[PDB]
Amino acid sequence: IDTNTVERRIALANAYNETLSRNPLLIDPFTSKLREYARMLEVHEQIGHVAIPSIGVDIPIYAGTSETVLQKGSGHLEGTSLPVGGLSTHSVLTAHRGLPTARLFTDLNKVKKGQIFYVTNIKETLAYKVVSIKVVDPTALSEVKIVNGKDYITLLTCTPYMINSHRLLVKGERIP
């Protein structure tokens, strides 16, 4: 796609991000029951890719967290910022703590503070440095709000392994 088209679409994503309420009510995607909100970012139905070389993961990102999406890649939590970076953005990307055939976020618990993951979209590849690692009740995801003046992406999965009673949140902060 041509540069001028990419920039218009990114401008749309930014406008969307700057419209978001800073205080979503995020419901646990794993225990809950077709999305157009991220159409500007979509190429063949994917909005991006998330790579965590620290653990050998590189998987596609799709809009929403339907079970169809989570079977095949990472799902973007609607109500959070779209993964294009910027101040006052906080995107949440979700994936299973492993599937039969796919590692997905199986080893997210092995990511450490200071390590760097990458989110690639139609425009560029963004780098995020891990700054926090937390475990919370599934019924507590709303806290994962957009923080004024910060550019964050949280990677979200279930824990402990093979139990999945709780949720692991690994938050990275934009490296400018």
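Numbering starts at 1 and runs along the sequence shown.
In the deposited entry, the stretch joining residue 33 to residue 34 is interrupted by 4 to 9 residues of the deposited sequence lacking coordinates.
Mean C-alpha B-factor is higher over 17-25 than over the other stretch, the pair under comparison being 17-25 and 164-172. Averaged over CA atoms, B-factors in the entry run higher in 94-102 than in the other of 71-79 and 94-102. Highest C-alpha temperature factor among 40, 122, 63, 141 per the entry: 141.
In the deposited coordinates, the residue among 47, 133, 57, 127 with the greatest CA B-factor is 57.
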